[PDB]
């Protein structure tokens, strides 16, 4: 009975995590979900990493989900010779769909996204590398787009382009994405994230490609486009077509304003939890730790306010994939989460006043959380669920308490590793009813989670039938 971190940590893999024994150290420091970024590496790199993740998990007795993250369309500026100059005034600058590796410097670079000329009209603003360069388009002729500076700076190889506001029509699933879905299906990823989705139909397309390959992974919608957050209908359309919502702040904040991002993040987290979906807060939470062994105060406050906003999880990218302190960044991130979770605000719920359920399992989950949060002496909620679904519904409700999700399936335990406050715990008993319940309570005891006097809320499916699911709460005393 030590306080358990509730907020979950997603960590991208890469060179920094293959080198030495770092992957193992980042799992030990507390990673719950490992992210494979298909933007880099080859299928054999990702497959080899998947084997070493599962082996390390087996050895450490940890439950670690695998997330596969699709690249989506490369809307970048391609490559020069290596003269990354660009000035500040009103120089002209060309973007030419037809151009290979001619140095920018002047007014020329190629575009990987051939379709940009159809998508921009004079007076549109293109932000390059998150806005550290900007350009105003004067004219579009054929596959050439003639822009002027506005703001300036350094312009390196393959840096991204975002249109201010929505606008581009590049298709979400690139051919590389279809191949990579086949790879994530072979690896058997637990979650599969779709870049640049326009609406929910893009997500349905990716989910079917995954199905046709044999993979029923849960879909993470990457919310990176002004088009996804421009109205509550748009936002609901994306979320409902997802199993997990990923709040991807880099591109999304460049398109709409960086100030308007804070409202939008809070709104997406709140809506995801209302629709019984989990949510990741992502990009580069603790950027400064690519380089330095300690976070920025601002980075701490960022992570902590994501925690207080209701996020299931927070994500590291280059910090763990390419940085100097992979396990250290995890350790720090975990400390920030533990800190922020003490704040009374994120411990209390209204318990969905004015919400009506039409689902017995959700009723059980909601009334168990209500009992749990208000009964003196409760120290844990236990969800015996082979699908994980009770754990998802209970974790939608804020609380200081740990939720223990008991299942016999590796896929369910891995799955639940992403959920807020959920500790997946392997359980395979042959008992049912109160015997299974008490055997789970005593297993949790033997592991250190419960003490001999505690009260525990238990949710279970008990019926004389093959029809139906979780329909039972028990309030038991340990030992």
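Residue numbers count along the first chain shown, from 1.
Between 29-37 and 444-452, the higher mean Cα B-factor belongs to 444-452. Stretches 379-387 and 69-77 differ in mean CA B factor, with 69-77 having the higher one. Across 279, 210, 151, 172, the entry's maximum B-factor at the CA atom is seen for 151. Note on the listed residues 236, 341, 361, 129: the highest Cα temperature factor in the record is that of 129. The PDB entry assigns residue 370 a C-alpha temperature factor belonging to the middle third of its chain's modelled residues. The PDB entry assigns residue 309 a C-alpha temperature factor belonging to the lowest third of its chain's modelled residues. When all modelled residues of the chain are sorted by CA temperature factor, residue 418 is found within the lowest third. In the deposited entry, the Cα temperature factor of residue 50 places it in the middle third of its chain's modelled residues.
Per the PDB record, residue ranking by Cα B-factor puts residue 10 in the lowest third of the chain.
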